[PDB]
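>>> Experimental structure and its sequence below.
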Amino acid sequence: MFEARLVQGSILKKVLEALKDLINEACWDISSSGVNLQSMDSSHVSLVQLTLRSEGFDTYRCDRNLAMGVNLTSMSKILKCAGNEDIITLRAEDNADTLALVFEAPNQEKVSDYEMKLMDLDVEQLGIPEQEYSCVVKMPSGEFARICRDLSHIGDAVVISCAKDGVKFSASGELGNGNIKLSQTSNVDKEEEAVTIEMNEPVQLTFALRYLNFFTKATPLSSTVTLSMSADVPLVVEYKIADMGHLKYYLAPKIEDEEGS
Amino acid sequence: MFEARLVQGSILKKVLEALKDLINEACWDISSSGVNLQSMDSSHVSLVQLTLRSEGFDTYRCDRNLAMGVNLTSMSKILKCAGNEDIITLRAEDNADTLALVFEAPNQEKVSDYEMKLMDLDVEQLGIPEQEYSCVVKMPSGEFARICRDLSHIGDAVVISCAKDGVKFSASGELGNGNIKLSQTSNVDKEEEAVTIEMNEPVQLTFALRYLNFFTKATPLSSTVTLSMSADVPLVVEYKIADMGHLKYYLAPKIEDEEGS
Amino acid sequence: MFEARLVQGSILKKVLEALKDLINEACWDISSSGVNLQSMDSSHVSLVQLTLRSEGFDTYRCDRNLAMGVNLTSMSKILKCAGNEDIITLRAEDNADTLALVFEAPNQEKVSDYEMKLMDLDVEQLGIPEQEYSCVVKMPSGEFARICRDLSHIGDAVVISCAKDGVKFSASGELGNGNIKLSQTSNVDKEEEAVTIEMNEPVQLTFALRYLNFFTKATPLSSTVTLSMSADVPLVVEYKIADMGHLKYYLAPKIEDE
Amino acid sequence: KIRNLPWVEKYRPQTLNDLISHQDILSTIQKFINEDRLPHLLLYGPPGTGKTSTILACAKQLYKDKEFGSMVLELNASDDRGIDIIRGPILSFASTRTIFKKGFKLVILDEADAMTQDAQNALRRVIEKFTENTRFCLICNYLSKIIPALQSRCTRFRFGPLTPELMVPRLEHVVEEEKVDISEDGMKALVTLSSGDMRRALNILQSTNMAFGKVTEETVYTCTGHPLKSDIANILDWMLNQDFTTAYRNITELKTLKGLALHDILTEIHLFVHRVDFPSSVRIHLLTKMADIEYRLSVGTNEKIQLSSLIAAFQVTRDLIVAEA
Amino acid sequence: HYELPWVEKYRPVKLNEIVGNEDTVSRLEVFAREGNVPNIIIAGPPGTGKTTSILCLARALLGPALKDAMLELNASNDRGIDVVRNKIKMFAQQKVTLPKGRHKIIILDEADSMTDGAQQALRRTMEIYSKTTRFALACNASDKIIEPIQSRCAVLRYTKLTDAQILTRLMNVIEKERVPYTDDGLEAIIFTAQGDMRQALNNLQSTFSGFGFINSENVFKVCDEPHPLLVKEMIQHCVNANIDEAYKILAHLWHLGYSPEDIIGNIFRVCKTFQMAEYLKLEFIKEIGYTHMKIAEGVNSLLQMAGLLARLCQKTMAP
Amino acid sequence: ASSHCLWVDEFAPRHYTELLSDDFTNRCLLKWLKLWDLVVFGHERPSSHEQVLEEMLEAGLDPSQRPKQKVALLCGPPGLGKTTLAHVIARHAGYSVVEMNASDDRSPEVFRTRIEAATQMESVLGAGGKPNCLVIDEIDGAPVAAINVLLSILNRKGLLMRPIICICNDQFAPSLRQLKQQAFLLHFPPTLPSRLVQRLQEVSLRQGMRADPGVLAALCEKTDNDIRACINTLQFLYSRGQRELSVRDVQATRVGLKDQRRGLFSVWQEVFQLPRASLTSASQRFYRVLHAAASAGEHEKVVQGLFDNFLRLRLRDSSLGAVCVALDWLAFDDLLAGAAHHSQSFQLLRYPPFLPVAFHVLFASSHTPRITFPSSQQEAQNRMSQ
DNA sequence: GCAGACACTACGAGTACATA
DNA sequence: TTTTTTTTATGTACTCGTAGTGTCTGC
Ligand SMILES: Nc1ncnc2c1ncn2[C@@H]1O[C@H](COP(=O)(O)OP(=O)(O)OP(O)(O)=S)[C@@H](O)[C@H]1O
Ligand SMILES: Nc1ncnc2c1ncn2[C@@H]1O[C@H](COP(=O)(O)OP(=O)(O)OP(O)(O)=S)[C@@H](O)[C@H]1O
Ligand SMILES: Nc1ncnc2c1ncn2[C@@H]1O[C@H](COP(=O)(O)OP(=O)(O)OP(O)(O)=S)[C@@H](O)[C@H]1O
Ligand SMILES: [Mg+2]
Ligand SMILES: [Mg+2]
Ligand SMILES: [Mg+2]
């Protein structure tokens, strides 16, 4: 018997709002350690890794391991009518097909039992390499949401570069170029707005702006985001929720070719 | 000769769109006590009663009991031309076949008059039995419109269960069962959210979703709504609208399956 | 090599919003005296003559004379991401296909470098528009944009009539007749609100309401506006900026008088 | 472990060596895989010949199980494959790198004949520009429904119908894996009623094994309902050798006793007509009349009247054949 | 690194490496050498070398300025009504400094997929900015391109490549790849190519990878003989009311796995350009359409095709 | 800048004397634009199909001192010089050309804003400023609401004071039906081959290229009297490798051949009448009729014209067998349309292109038939709906 | 703190065409 | 030397107009 109790209802709304037009269906992997989700997008270009810890939930119990693939457009319609200050209970049995969602109203007077039919997709496990990265950048999530939105006006693919100086965003479009270079914004009163550089080797790669803008809808989850880049491993957009877990976003670089001239 | 004058322009601008996709005609019956309207849907399922007493009008003149029939396809498009807080009046001669309504243009400077032909249809009053229902409950107006919208994403038919604890809205679909239970909301500051049960006999009847969504489009007219259920009498959706009268709805139940043992 | 460091980005944001939907191009003529923008409509309705002097910039370097044909929808996308109080560096090379704009808009040491592709255009040359105006009045910029917004609610064209008492704004339509009676407002504490009269030979012309609303989009750009008009000669409003330069707008009247 | 699966999916050639027939094509594709020079493939042929199984075995051979989800983008007719899908997910899959391991990717477009011509025209430069990064495999049953640009861009392999001499060992493997008692005439009936279709071979084998428990000629022809060849020879003898009434009575009694359908009778009589040394005009008349009778059975008609017309088409030509002499 | 297939590995990079259509390719060489190329539309069969000629011409004209002065749009792009107005017209207005005789090139590959409204919006931007920009179009069905666009361009028409023209490029690929071969194997490659250089290179690479040698048996073991080359003699036997040989060809095509729709499409393709009487051809085409309606209706067997062949044989003997 | 411009741009006319159109159309457009000098320039003095146009130039003026036809509509096949004539005539009469083409937005709000900017205001330059003459290219592709906006600003009594010129390639467009009844219709004939041959000879002599009149006439009949296509074909064919153009290069189909959109009446004439006297083979006429009927487009209108015109011919088949097999072919086309629209199988539509060539084979004659437009089926459908 | 304005995407609606 | 209109049943594709809505400006 699987029974997970969300302490807050806003996190499940903010996780699903980021994955709505990106993740085709949610693959909740449940063990005693917590709830895991490793699912690709519809285009097989992006990969989303979500790990919710057991200690983050209000009450969490898990007898046997489960892998409950469920539809996400069906899960979107049951999360629109969910409050932001109430507890949400995830329930599923050992050998049943119903995923139960029990929560309260925004009026806070009635129970709301929403069942979902589980899917039977046979998805192979994707092997995360978990290797080191040639660039690690700490960054506010509000600034990273603004910059990818600002460069979507110029072009459709962004050549994001990082070095010892800082991360650099470039977008060659039809109108021209937009070059954003931000570095060392740690001398402020707040702690979330800071640009910190950890690793050494510079890497320039080109990514699609459509998937980067979908990654920035997880901005209310964490006030500070982490960017990992390397010459071979893809770009990682690591969100860390404060007391519930962490969220990782993977995106493959685009194929670019030099001119023969 | 018939002459009536409203007190607000929003008492007719918010009730006509609820009858726009529900019924095809609006038959006004003029009496000395007030103006009556009993129209039935073409599918022989829905039935709307709308009576406005003569005391709530600014002025009211009625010498003969006359009945006029007009179509919803033409009165809806002139409703959007009319204002919101302006005054509305209705005029009808004894022998003419023209219904003329005089109101204020939305620039608040000139008199706008529209003429509508009277449709002669030979209908008869069905007659409600006014029997004592097995269930009487009181629900909020704006909350009840949010109920039927949430079950609209699940299935095409809802199930209403009204035991002594409260009213249960259920909808079994191809996604999953959605169950809610509104009960015991008497401890609130606003008196319109007082959820109470006035009867004892339980009943369970299934109803069509589409007409219940049409019934929830007359929700900002009143603060509360009264629901009445019985074993074989149709569901009553009663609105006590403002001060000039009350609004009543009727909905035939759906079929039941051959679930005998 | 061309470089022009604007001291504040309010100068540039309010200029390119005042002529966003008014003209389809920006022709920045560059000389040692300053930056000149002289553009006319394709249908010959409105003319924009913008002159920004070199003394109003932080730095100004100009080796050769430059003509920078620039799209306005392409450069309106830059200022939307620029700061209102920020140093803007507008630079270009002598013979280049690109124009660069460098700024630090969000005040979070975010060095933004925006570049645009120049557009080559046929050289339409007008030397000097003649200025022998009989009626020259002065008016605050906020009240001129106030009555153009007020008159737009009723009609679609306005009748502007200079007089010894003041300018008269009137319109007619199926809704109503909106008319103001401008008097002498020199008895106020504010020096910008006074209406100065230096006119003779009172005239009456009819202008389009849509192009006057575009001209009155530069209300915070200057404190007061100088209206110049006469017979058979287009109406000129003038926004004299504090230190960078001045900006004027020409408007041809309608053929149907009154 | 045991699974509740149909035998067309329980016994699928997961590797390239389990396929039976097209040895030259499979050897060439295997040498494409071993040399890492896999081109854009266009696999076409009749249904049930092993076009999907070939590319699935190739995809399992090229990519491991820990990288299969990010290397293969498989789209079929059950998925939406409009022009916004060609400009969207397919172009973004083709134009990007991998995630875990570096290598060329694969786009499998099964049932590519069902795609619109706008999508096929948008597919041309996606295939051509990203040849080094990804490969495209197109599967269809009809080559005429794929535009000649995509036919030029992809090298074409015809997966023709399987010969009955090569379907015997795979059927014997399925029989020995399922513990099926089958005789020689049961195998001949299976490979005759299949007609180059391995799917319906396994379907008839499974239905006959469940219906009767043994797979012989009589059990296969009873479960399928197909007429025996002796019945077709008797029908042809009655139609060509005696009058209308006796032939009608005998063919009606045979159809009532055996429970035959007129479609399979028409098919086998059509096959028998070209074997019989008819005159040319008699053959043309018989083919036109039998095609007319076969077309008439596709609507709500009475099968007895069409059977009488089938008798009539030969009772006309009896006198012509005899007077030809 | 992954090696490209011989279609893309041996794509020509200069205009002198393009075989076939010698006069047009030579004039494109002259125009690439000197400059001031007019707007062109190159039409022809697939695999002829239209996109190769356009890209080689653009590379020779621009050179190091190919990145900033060339706009390549495909059917994989949007190129709707709002792309012609806001991207093609903006690129035509764009200032790019180029040497004398050189203009910006807007390459619109596969212009059949472009709608009528986009081509109507393409006319005035072709006519106004022609002093600084140029257009290069490639297509297969040139009738889909509208008449005002074709009037604004020099319409070039490519024909199918002959046996020797494909054979020269195949000899170049063989000498570059050290492929052992015989003469009849290359003749089989030409026969399977049917004027297509892409299919010739694909069949050569498939035969070299699968067998390592080019003779007729190794080519015909993986490749196939073309379909209408036997449908032609099937229609010829149907003209002379030879139902037996026509059914022999029909049964041979049936046992190879061809669907009835493909067979009747090849039958109609042969009968459209057959050398016979006009009225006989018209009633043949009407009988083909009558059978094709039955095939599309659901009934599609060997008996239906045999009945079609018997009806085509009767139409001869019924004047 | 001889190597920087196209030959159509280099030899484009800038004066009135070097126009290559028909002189009657140029004179009619110049006289129509000079009828606006009363209300625009404020000066009293400016300094069959022909009979209606001469009557329109001399019918007087309306009481608001304007011509009664305020729009000059130009129609014809491409490559004749309609835009060139409009721009040259506008610059000749002292106007400033305001160009509105199909690359604009063409939404009714933008259409209204553009016409109200071009026609309802004076010039910024004041006295001495050029008046604005609105030239609207590609009006056939405009939506019906844009034409309604143009007619609303045409007939507003906000009074129109400036001339408007509209240029289209097809006068029988459904969106230009009410525009034809109000405009000064100037139909462009095909250009004269002698004048076009002389102009191509002058262009080739300016470029230092040698060509006979015969090969230039072959190019003119190949390009269907298209000036732009002939000049572009000469620009491609000349280059600098050779000077003397050959007849076989023009006669080759590799350079210069473009797909013409044939009209309905030309297709009906080509079907119902044999060509006048090689080309005498029946298979060449078969393929020519098939390709022309395919290249015409609007197949249902072609079938309606064949159905409404094949019985009024001087038919030699008195036994009515040709009529019976033509009606069998029409029923075959109807069954093909029904089966393709029933089973979603649209590969049955390659056969009804052979219906006009069947009508050409059955009803070939050397006479001169009078082909009328098909109207029986549409009137029957309208009466049935009523 | 709440009313007005700005562009944003999702959605409703109209139309063409589908062969060689 | 001669031009008006809406029917075929789905499916896709294109294009355009409209309406909640998130967010910014201001007193
Ligand atoms: N060559 C073969 N060898 C062995 N089994 C085969 C072969 N071809 C088909 N089968 C069997 O038939 C099943 C279906 O084969 P498929 O690969 O789906 O045929 P197909 O060529 O894809 O036909 P279509 O065109 O997709 S309907 C397989 O799972 C096998 O059980
Ligand atoms: N004339 C040619 N000479 C040499 N190689 C050629 C020739 N035509 C085609 N090829 C080869 O075939 C490949 C494809 O040629 P393309 O020009 O892309 O085909 P295409 O002419 O564009 O036809 P479509 O309509 O686009 S399929 C090239 O990359 C060459 O390898
Ligand atoms: N007398 C002339 N001598 C040489 N070139 C000419 C002459 N008159 C016109 N042209 C050119 O021929 C072309 C005429 O086409 P346009 O007038 O621009 O358009 P159009 O003739 O209206 O045809 P469409 O429908 O727009 S394609 C232009 O390229 C002109 O430059
Ligand atoms: Mg398959
Ligand atoms: Mg190509
Ligand atoms: Mg033109």
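That came in fine, so what should we check first? Numbers count the residues shown, from 1 in each chain, chains lettered A, B, ... in the order given. Ligands and ions are numbered 1, 2, ... in the order given.

>>> Buried ones in the helix or strand in which residue E:170 is found, by neighbour count?
Secondary structure assigned from DSSP states H and E places residue E:170 in helix E:163-177. Applying a neighbour-count criterion of 16 or more other CB atoms under 10 Å in any protein chain shown, the buried positions in helix E:163-177 are E:165, E:166, E:167, E:169, E:170, E:173, E:174. For the C-beta atoms, the positions are set from N, CA and C on the backbone; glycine is no exception.

>>> Now these in JSON lines, please, with extra columns for distance to residue B:211.
Putting the buried residues of helix E:163-177 into JSON lines (distance: CB to CB, whole Å) gives the following:
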{"residue": "E:165", "distance to residue B:211": "74"}
{"residue": "E:166", "distance to residue B:211": "71"}
{"residue": "E:167", "distance to residue B:211": "77"}
{"residue": "E:169", "distance to residue B:211": "73"}
{"residue": "E:170", "distance to residue B:211": "74"}
{"residue": "E:173", "distance to residue B:211": "73"}
{"residue": "E:174", "distance to residue B:211": "77"}
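
>>> Name the member of the residues you listed with the shortest distance to ligand 3.
The shortest approach to ligand 3 among the buried residues of helix E:163-177 belongs to residue E:165, at 35.3 Å (CB to the nearest ligand atom).

>>> ok, now which ones touch the residue positioned nearest the centre of chain E?
For chain E, the residue lying nearest the average C-alpha position, counting by CA atoms, centre = their mean, turns out to be residue E:46 (1.6 Å). By CB atoms under 8 Å, 6 or more residues apart in numbering or on different chains, the contact list for residue E:46 reads D:148, D:149, D:151, D:152, E:140, E:196, E:198.

>>> ok so, going back, which of the buried residues of helix E:163-177 sits closest to residue E:56?
Using CB to CB, the shortest approach to residue E:56 within the buried residues of helix E:163-177 belongs to residue E:169, at 14.5 Å.

>>> hang on, the closest one packs against residue E:19?
Yes: A contact is recorded between residue E:169 and residue E:19 when judged using CB atoms under 8 Å, the distance being 4.9 Å.

>>> any residues in contact with both of these two?
With CB under 8 Å, 6+ apart as the test, residue E:169 and residue E:19 both reach residue E:197.

>>> circling back: quick check: the farthest pair among the buried residues of helix E:163-177?
Spatial extent of the buried residues of helix E:163-177 (CB to CB) is set by the pair E:165 and E:174 at 15.2 Å.

>>> any idea how far residue D:315 is from residue D:322?
Note on residue D:322: its distance to residue D:315, by CB to CB, to the nearest Å, is 12 Å.

>>> More neighbours: which of those two?
It is residue D:315, of residue D:322 and residue D:315, that has more neighbours when counted by other CB atoms under 10 Å in any protein chain shown, with 17 against 9.

>>> So that one: helix, strand or coil?
Assigned by DSSP: H, G, I helix; E, B strand; the rest coil, the conformation of residue D:315 is helix.

>>> so who does it touch?
Counted by CB under 8 Å, 6+ apart, residue D:315 has contacts D:239, D:243, D:244, D:247.

>>> Quick check: ChimeraX command selecting the buried ones in these.
Buried members of the contacts of residue D:315, defined by 16+ other CB under 10 Å, are picked up in ChimeraX with:
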select /D:239,247
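
>>> quick revisit: can you pull out the residues in contact with the next helix or strand after the helix holding residue E:170?
Past helix E:163-177, heading to the C-terminal end, the next element that is a helix or strand (DSSP H and E) is helix E:183-193. Contacts with helix E:183-193, where a contact means CB under 8 Å, 6+ apart, come from E:163, E:166-167, E:170, E:199-200, E:203-204, E:207, E:213-216, E:218-220, E:223-226.

>>> Show the buried residues in these.
Buried positions within the contacts of helix E:183-193, assessed by neighbour count (16+ other CB under 10 Å), are E:166-167, E:170, E:199-200, E:203-204, E:207, E:214-216, E:218-220, E:223.

>>> count of residues packed around residue 55?
Using chain A. Residue A:55 has 10 nearby residues by other CB under 10 Å.

>>> Wait, chain F was what I had in mind.
Using other CB under 10 Å, residue F:55 has 9 neighbouring residues.

>>> swap in residue F:171?
Counted by other CB under 10 Å, the residues lying close to residue F:171 total 18.

>>> I'd assumed residue F:74 was in contact with it.
No: the pair formed by residue F:171 and residue F:74 falls short of the contact definition of CB under 8 Å, at 9.3 Å.

>>> wait, does stretch E:292-311 contact DNA strand H?
No: judged by CB under 7 Å from any atom of the strand, stretch E:292-311 stays clear of DNA strand H, getting no closer than 11.9 Å.

>>> Report whether that stretch contacts DNA strand G.
No: between stretch E:292-311 and DNA strand G, judged by CB under 7 Å from any atom of the strand, nothing touches; the nearest distance is 9.6 Å.

>>> gap between the two ends of that stretch?
For stretch E:292-311, the first-to-last residue distance is 13 Å (CA to CA, to the nearest Å).

>>> Surely residue D:230 forms part of a helix?
Yes: residue state for residue D:230 (three-state DSSP) corresponds to a helix.

>>> one step back: by how many degrees do the helix holding residue E:170 and helix E:183-193 diverge?
Put simply, helix E:163-177 runs at 120 degrees to helix E:183-193, going by axes from the mean of the first three to the mean of the last three CA atoms, to 10 degrees.

>>> contact partners of helix E:163-177?
Counting contacts by CB under 8 Å, 6+ apart, the residues touching helix E:163-177 from outside are E:6, E:10, E:19-20, E:179, E:181, E:186, E:189-190, E:193, E:195, E:197, E:200-201, E:204, E:208.

>>> Same check on stretch A:36-48?
By CB under 8 Å, 6+ apart, the surrounding residues in contact with stretch A:36-48 are A:19, A:22-30, A:49-52, A:123, A:125-126, A:128, A:208, A:211, A:214, A:247-252, D:69-70, D:72-73, D:88-90, D:92-93, D:96, D:99.

>>> could I have that stretch exported to CSV, CA atoms only?
C-alpha atoms of stretch A:36-48 as CSV (Å, rounded to 0.1, in the frame of the first residue of the first chain):
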residue,chain,number,x,y,z
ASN,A,36,11.4,9.2,-8.2
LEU,A,37,10.5,10.3,-11.7
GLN,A,38,12.8,9.9,-14.8
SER,A,39,10.8,10.6,-17.9
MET,A,40,11.8,11.9,-21.3
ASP,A,41,9.8,14.4,-23.4
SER,A,42,7.7,13.7,-26.5
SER,A,43,10.6,14.6,-28.8
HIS,A,44,13.1,12.4,-26.9
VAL,A,45,15.4,15.4,-26.6
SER,A,46,14.9,16.4,-23.0
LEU,A,47,15.0,14.3,-19.8
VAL,A,48,13.4,15.3,-16.5
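
>>> about what we covered before: ok, the contacts of helix E:163-177 vs residue A:169, which is closest?
Among the contacts of helix E:163-177, and counting by CB to CB, the member closest to residue A:169 is residue E:10, at 39.5 Å.

>>> What count of nearby residues applies to residue E:193?
Counted with other CB under 10 Å, residues neighbouring residue E:193 total 25.

>>> Quick one: residues contacting the nearest residue to it once chain neighbours are set aside.
What sits nearest to residue E:193 in space, not counting adjacent residues and going by CB to CB, 6 or more residues apart in numbering or on different chains, is residue E:200, at 3.8 Å. Taking CB under 8 Å, 6+ apart as the contact definition, residue E:200 lies against E:166, E:169, E:170, E:189, E:190, E:192, E:193.

>>> for residue F:129, same thing?
Taking CB under 8 Å, 6+ apart as the definition of contact, the neighbours of residue F:129 are C:44, F:122, F:123.

>>> ok, so of those residues, who is nearest residue E:158?
If you rank the contacts of residue F:129 by distance to residue E:158 using CB to CB, residue C:44 comes first, at 47.8 Å.

>>> how about the closest one, secondary structure?
Of the three states, residue C:44 takes coil according to three-state DSSP.

>>> How about it: what's its closest non-neighbour residue?
Once chain neighbours are set aside, the closest to residue C:44 by CB to CB, 6+ apart is residue F:123, at 4.9 Å.
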